[PDB]
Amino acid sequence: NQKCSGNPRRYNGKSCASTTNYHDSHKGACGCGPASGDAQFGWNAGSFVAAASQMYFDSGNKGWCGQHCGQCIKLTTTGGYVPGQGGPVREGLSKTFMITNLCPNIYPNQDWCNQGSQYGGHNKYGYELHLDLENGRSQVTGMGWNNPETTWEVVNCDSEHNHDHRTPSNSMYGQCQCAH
């Protein structure tokens, strides 16, 4: 059930983000792997990392080294989820994800990553931001997070890395080609 309401979707005065658990093993759109090739670094697969919907990744529509590459986003569960596209979770759980990739506004993401603007737009379920969360090692579903509805905020990566090492540090993002 969606607990966020309005256009775009909000919850008690906070902007909401939808999520989808996904797996992608390619280097990705922030260059977070060795320069020559299409592989990731060793840390990406087991970290709290995300692909951001296109207009948030970069409002100028870039597919490489977007504005928000390397930014950390703290997600807090509302307790809700999109019917038939997620499941129940305790309200108030929170983890921080580093943006390392793009969720492009093209098939098969046309229902989720199709916001028309960086802020104030909506996907087909009403959310102004969407994050695909890396889950190939069950880092997200292991917490009982099945595509939770969330509220979101920007935070310092280092502060959150201290509480959970799976959130990459700023030093780690410095390895990525887009940091330079």
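Quick note: we count residues from 1 along the sequence shown, nothing fancier.
Tell me which stretch has the larger mean Cα B-factor in this entry, 16 to 24 or 160 to 168. Stretch with the greater average CA B-factor: 160 to 168.
Comparing average C-alpha B factors as deposited, tell me which of 83 to 91 and 96 to 104 sits higher. For C-alpha atoms only, the mean B-factor is higher in 83 to 91.
Using only the C-alpha B-factors in the record, can you name which of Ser36, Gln115, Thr151, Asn147 has the highest? In the PDB entry, the greatest C-alpha B-factor among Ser36, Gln115, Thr151, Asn147 is found at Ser36.
According to the Cα B-factor stored in this entry, which of the following is highest: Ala51, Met55, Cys65, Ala45? Going by the entry's C-alpha B-factors, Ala45 comes out highest.
Compared with the other modelled residues in the chain, in which third is the CA B-factor of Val140? Its C-alpha B-factor belongs to the middle third of this chain's values.
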